[PDB]
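As structure tokens, the structure follows; a few thoughts come after it.
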Amino acid sequence: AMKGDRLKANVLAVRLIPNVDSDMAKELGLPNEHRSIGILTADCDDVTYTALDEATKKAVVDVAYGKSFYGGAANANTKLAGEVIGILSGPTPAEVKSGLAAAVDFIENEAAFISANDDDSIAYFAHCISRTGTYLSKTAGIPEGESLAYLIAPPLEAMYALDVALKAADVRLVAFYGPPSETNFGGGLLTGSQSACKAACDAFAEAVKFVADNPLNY
Amino acid sequence: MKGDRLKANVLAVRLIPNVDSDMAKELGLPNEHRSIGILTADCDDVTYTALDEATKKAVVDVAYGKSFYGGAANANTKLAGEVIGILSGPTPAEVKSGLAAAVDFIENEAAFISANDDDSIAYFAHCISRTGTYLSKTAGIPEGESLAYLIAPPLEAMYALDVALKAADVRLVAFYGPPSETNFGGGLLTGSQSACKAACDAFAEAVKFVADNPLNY
Amino acid sequence: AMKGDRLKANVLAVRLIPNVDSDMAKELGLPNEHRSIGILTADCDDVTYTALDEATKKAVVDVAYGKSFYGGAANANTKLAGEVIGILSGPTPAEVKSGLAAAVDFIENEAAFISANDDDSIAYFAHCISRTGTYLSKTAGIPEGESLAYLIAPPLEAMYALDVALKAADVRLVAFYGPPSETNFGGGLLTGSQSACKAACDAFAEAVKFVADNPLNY
Ligand SMILES: [Ca+2]
Ligand SMILES: [Ca+2]
Ligand code: NA
Ligand code: NA
């Protein structure tokens, strides 16, 4: 991948369970009447979280579980692990299947990290969500449907660029991901009007590239 | 090769006959225990099962047991592997007996099994007939009760744990939502010895079914 | 690198932010009076923590943030991550710049892990801090200016060697780093007179090498 190239995310495995065991439902703390779950793993965590949020907009599902794996996909130690697992729950298998379809389609086509340099060794996520579903709005502590700038980069780049993004528009920090995340990245979620979120995304991206270009000159 | 047992290895072992009082306090050792035995190995859940086995074979308690980030494939030093365990006991003789029991068990008595041809997916489905004092405490069940110790990579584990719970009269007593430090998942199930064995068989079969077709849902 | 060789640490990236956004100042927990921060990443965490502490000595700065990355530098998944991020805060850019200069100088010249074998596959830190600054004194729960033995090694080596060090001199355990740290090491901080801390370091170093030579002879 060259500088500015999109890095495609991949779904590695998916399973639908029409009627989950009650011990499992208890451990996952599933909502009332949610007897079906859908599980997926993928090789890119933040793309997947955005995808799970998208699924809540497209189907009658809730995000029951979403966690990132230590060291990220480059350090995966089994074939189907990737760097993230997501679980959707819903009242029927048909709705969960629909939620999975939405999530898988999003992961593979709709959001991607971007390479910040020529040897594909620095990458960032700067994704503008026009209207949040139920998952990222809950995460951010904001009303469902608000806009979000989802900004992620490696540790130093993230901290520097997040500050630049906060200065670029009328936005507010609503979730802070101090590095390291499990994948050794950092960043945060910003909210504001859709256009302010987009301005923040653009500024974040430019800032990360600036650091990649000149890491030691301060 | 699929179905092959993946042997675990002990990397380092060291006995401390009389540990410093500051260390004793940090490890939470009983007043009566000033001998400890330390070991590292390249497989964490095999090691936890072994530490529990040691409590049945010697006058020892498990003082410490933690898994390392990324698992053994990502170890960044020679003797780290992916787990450290510490046994404590009233005398060096008893701790040595416990260490011997743990080392023998790790090297011979339990193993992950490969679920595919490339050895890139593996699972643990071990039936403990009679728990010692360590895994019983972890599971919140009486010492001596049986367990199915079921571990696999994240999606496989969640899917197969569900299948295992449906396969026999068993109950979930410890839930290991992925990722563990080694990026696996699973759980401990309890029930009669035969039920735990049935759960193990069903778990193993389900992990293999996912490995065979990961994207068919 | 051969047995006994010092393993030089490197600073990977540095940024100075003269007036950080107030949202981020809150998330980082800075004092109302500190809006300048200096961020750095490096490839060795314990050397960096020692450096950050040293940096508080000649400049008007506090260590605001210091975290290690999962798996250590050998498992880094991007170019500028290394295995640690540190943030200094202070009241003005001039003071933070001074703190950064001290930290960078220290990381690259004044402290290092040492190789314990000929493979360069086992290494330890046994650094005697003559006078702590405000960061590691606080970490250890001791007064600023007290001496420390900063002792780190891989998991089993560390536990065995820490015990030997505790027996080697009149020192007291003031911070216990039970393995794994995020980088899968272990160890602790010991305090006593400077001469006692130095004796503890020598003992710890010898003990780690002993284990490396005799890992299974127990
Ligand atoms: Ca729909
Ligand atoms: Ca690796
Ligand atoms: Na799409
Ligand atoms: Na589209």
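Top to bottom, those sequences are chains A, B and C. Going by our numbering, the first residue of the first sequence is number 1319, and it counts up by one from there. Going by our numbering, the first residue of the second sequence is number 1145, and it counts up by one from there. Going by our numbering, the first residue of the third sequence is number 1319, and it counts up by one from there. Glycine included, each C-beta is placed from N, C-alpha and C at the ideal position.
Per DSSP, reduced to three states, the secondary structure at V1317(B) is strand.
Shown in chain order are the residues whose CB sits closer than 6 Å to a heavy atom of ligand 1: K1376(A), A1377(A), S1416(A).
For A1382(C), the uninterrupted beta strand (DSSP E) run begins and ends at 1380-1386, by DSSP.
Listed in chain order, the non-local C-beta contacts of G1463(A) below 8 Å within the same chain comprise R1449, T1450, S1455, local neighbours out to five positions each way being set aside.
It is roughly 16 Å from the alpha-carbon of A1467(A) to the alpha-carbon of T1452(A). Counting C-beta pairs closer than 8 Å gives fewer than three between the region 1253-1266 of chain B and the region 1487-1506 of chain C, which falls short of the contact rule. At a beta-carbon threshold of 9 Å, the residues of chain C lying near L1155(B) are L1474, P1533, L1534, ordered along the chain.
Identification of chain A residues near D1339(C) by a Cβ-Cβ cut-off of 7 Å yields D1481, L1484, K1485, ordered along the chain. Shortest Cα-Cα distance from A1382(C) to any of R1353(C), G1389(C), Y1442(C), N1328(C) involves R1353(C). Think of a sphere of 8 Å around the beta carbon of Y1303(B): the chain A residues whose beta carbon falls inside it are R1333, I1335, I1357, in chain order. Under the Cβ criterion of 8 Å, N1393(C) is counted among the residues facing chain B. Closest in C-alpha terms to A1369(C), from the list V1492(C), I1425(C), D1339(C), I1447(C), comes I1425(C).
Between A1185(B) and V1227(B), the gap from beta carbon to beta carbon is short of 8 Å.
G1400(C) and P1409(A) have their alpha carbons spaced roughly 45 Å apart. Note on geometry: alpha-carbon atoms of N1395(A) and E1325(B) lie some 12 Å from one another.
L1398(A) reaches chain B at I1265, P1297, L1299, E1300, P1358, counting residues in chain order whose Cβ is nearer than 7 Å.
A contact is defined here as three or more CB-CB pairs under 8 Å, and the region 1517-1529 of chain C fails this definition with respect to the region 1234-1246 of chain B. At a cut-off of 8 Å between beta carbons, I1403(C) contacts chain A. Annotation: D1380(C) to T1374(C) spans about 6 Å, alpha carbon to alpha carbon. For the region 1283-1295 of chain B, the set of positions with a beta-carbon nearer than 9 Å to some beta-carbon of chain A is empty. Within 9 Å of the CB of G1389(A), the CB atoms of chain B belong to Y1213, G1214, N1218, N1327, in sequence order along the chain. Inclusion of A1444(C) and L1406(C) in the CB contact set at 8 Å is not warranted, their separation being larger than that value. The nearest non-hydrogen atom of ligand 3 is less than 7 Å from the C-beta of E1428(A). In this model, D1248(B) and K1151(B) are separated by some 12 Å (Cα to Cα).
The residue from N1337(C), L1398(C), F1494(C) with its alpha-carbon nearest to that of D1438(A) is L1398(C).
In this structure, the beta-carbon distance from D1481(A) to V1332(C) does not fall below 8 Å.
In this structure, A1458(A) sits away from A1487(A), with a CB-CB distance that is not shorter than 8 Å. Using beta-carbon distances, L1316(B) counts as an interface residue toward chain A, with a partner under 8 Å. In the displayed model, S1511(A) falls within coil according to three-state DSSP, outside both helix and strand. The DSSP-derived three-state label of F1503(A) is coil. Under the three-state reduction of DSSP, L1299(B) is assigned to helix. Relative to ligand 3, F1503(A) has its C-beta separated by 7 Å or more from all heavy atoms.
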